[PDB]
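*Asks:* experimental coordinates follow, after the sequence.
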Amino acid sequence: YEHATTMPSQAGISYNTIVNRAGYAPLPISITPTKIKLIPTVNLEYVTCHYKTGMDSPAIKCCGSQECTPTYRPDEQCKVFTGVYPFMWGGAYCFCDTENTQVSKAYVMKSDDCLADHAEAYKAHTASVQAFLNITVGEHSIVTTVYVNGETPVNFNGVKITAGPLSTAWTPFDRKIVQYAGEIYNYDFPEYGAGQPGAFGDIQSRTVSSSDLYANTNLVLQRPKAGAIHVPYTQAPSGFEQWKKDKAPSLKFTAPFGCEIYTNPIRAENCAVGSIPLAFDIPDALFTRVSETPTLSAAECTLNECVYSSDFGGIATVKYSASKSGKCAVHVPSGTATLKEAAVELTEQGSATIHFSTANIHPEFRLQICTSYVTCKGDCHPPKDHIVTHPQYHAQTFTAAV
Ligand SMILES: *[C@@H]1O[C@H](CO)[C@@H](O)[C@H](O)[C@H]1NC(C)=O
């Protein structure tokens, strides 16, 4: 039997329903998503880190000419400064006053700490939603991880569960993101091969172990001081450091819909966004006839207490006269009231207690119970505290009138 019902995509809050037919007893169904995960399809564009400016030892020729011998290292600068007269701890290096030459060259390379202190620049394409759910059908219970795509089923005990596509496809990650120190940032980093100096991406590598290294650090050499041996260089300050100094708070403190953000895998969890269109294919063999189950006759309902509140502040007693003692389900076919409990136990004729949370100030709802239903009605009072530390349990509704 094919049944389908939208389930609000809230983490920690439960959801209940009853599936029934003209000659088959109510079969309860309960769902509880303990963690809804939003993994995006992601690939690595590069990794960046602090640079370090390596530099070959100056090659000094005493009154002889030199040449800018080229090598091919990242962001290389090579220059042949003439008219030098260097000094060491032992005195003047050369005897010719003029015509001495010093060839000096400098280059960029990855910091020694880049293997463990680096930022990963990624592109995030599309979303994949998977949720850890607790599903019960007529006391057949399962705890699983369902891939929310409408395709992948979870088929334990013969009932086939399919969690349709997340109704409002949405991600907190833009197309192009960055990971650093276990925090995910939305940042339009330069494409590989366009990194500009003094900003994020000044040095880049396709992988942490990649041989290639593009560097654009605005490296330019200056002539050394007379009587000193060294390689002067003025360079744009490390763009990665500047990004660290100047960056907005991570998505874990700015993401919409209250999403939590985690980094392995890159993902967002507990996004209170949209709803999951669950579809349940219940086998014909799991249904039970109305005759077998406890049948209720001549029930009455009364709200012995009502506190219009986020939690289950509403209490109602049902006086029952059952045909045979046992257990059976209880529900409200309406968004007015959401029940804490799924089923109750009955002993011939007596009373039972139902907990619920409500939106209506003047509540009235049909409590469906054990192959019957009773019209519960009453007046309800406001709650105590202005602010509470948990999310809503009761479906909001327009009617809150006198
Ligand atoms: C779901 O099942 C798991 C089983 O480990 C349990 O720990 C968790 O509390 C259950 N959640 C609810 C309230 O259904």
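*Replies:* Cool, the structure landed. Numbers count the residues shown, from 1 in each chain.
*Asks:* can we go C-alpha only for contacts and neighbour counts from here?
*Replies:* Will do.
*Asks:* okay, and residue 355 sits in which element?
*Replies:* Counting by DSSP states H and E, the element that carries residue 355 is strand 349-358.
*Asks:* just checking, what packs against that strand?
*Replies:* In terms of contacts (3 or more C-alpha pairs under 8 Å, 6 or more residues apart in numbering; DSSP states H and E), strand 349-358 is packed against strand 314-322, strand 337-339, strand 343-346.
*Asks:* list the contacts for the closest residue to residue 250 other than its chain neighbours?
*Replies:* Take residue 250 and drop its neighbours on the chain: the residue closest to it by C-alpha to C-alpha, 6 or more residues apart in numbering is residue 185, 5.1 Å away. Residues touching residue 185, when contacts are defined by C-alpha atoms under 8 Å, 6 or more residues apart in numbering, comprise 177-179, 249-251.
*Asks:* mind doing that once more with 10 Å?
*Replies:* Residue 185 makes contact with 121, 173-174, 176-179, 247-252, 254-255 under the criterion C-alpha atoms under 10 Å, 6 or more residues apart in numbering.
*Asks:* next one: the strand holding residue 355 to chain centre, how far?
*Replies:* 38 Å (C-alpha atoms, centre = their mean, to the nearest Å).
*Asks:* tally of neighbours for residue 2?
*Replies:* Burial measure for residue 2: 11 neighbouring residues, criterion other C-alpha atoms under 10 Å.
*Asks:* now it, which residues is it bridged with?
*Replies:* Residues found in beta-bridge contact with residue 2 (criterion: DSSP bridges) are residue 281.
*Asks:* so it touches residue 20, yeah?
*Replies:* No: the pair residue 2 and residue 20 does not pass the contact test of C-alpha atoms under 10 Å, sitting 11.9 Å apart.
*Asks:* give me the element the residue of the stretch 101-250 of the chain found nearest the ligand is part of.
*Replies:* Of the stretch 101-250 of the chain, the residue with the smallest distance to the ligand, taken as C-alpha to the nearest ligand atom, is residue 134 at 4.9 Å. Using DSSP H and E, residue 134 sits within strand 119-137.
*Asks:* is the residue nearest to the spatial centre of the chain in a helix, a strand, or coil?
*Replies:* Of all residues in the chain, the one closest to the mean position by C-alpha atoms, centre = their mean is residue 268, 0.5 Å from it. Under the three-state scheme (DSSP: H, G, I helix; E, B strand; the rest coil), the conformation of residue 268 reads as strand.
*Asks:* returning to that earlier point: tell me the most buried of the helices and strands packed on strand 349-358?
*Replies:* For those, the stretch with the most neighbours on average is strand 337-339, a mean of 24; neighbours defined as mean count of other C-alpha atoms under 10 Å.
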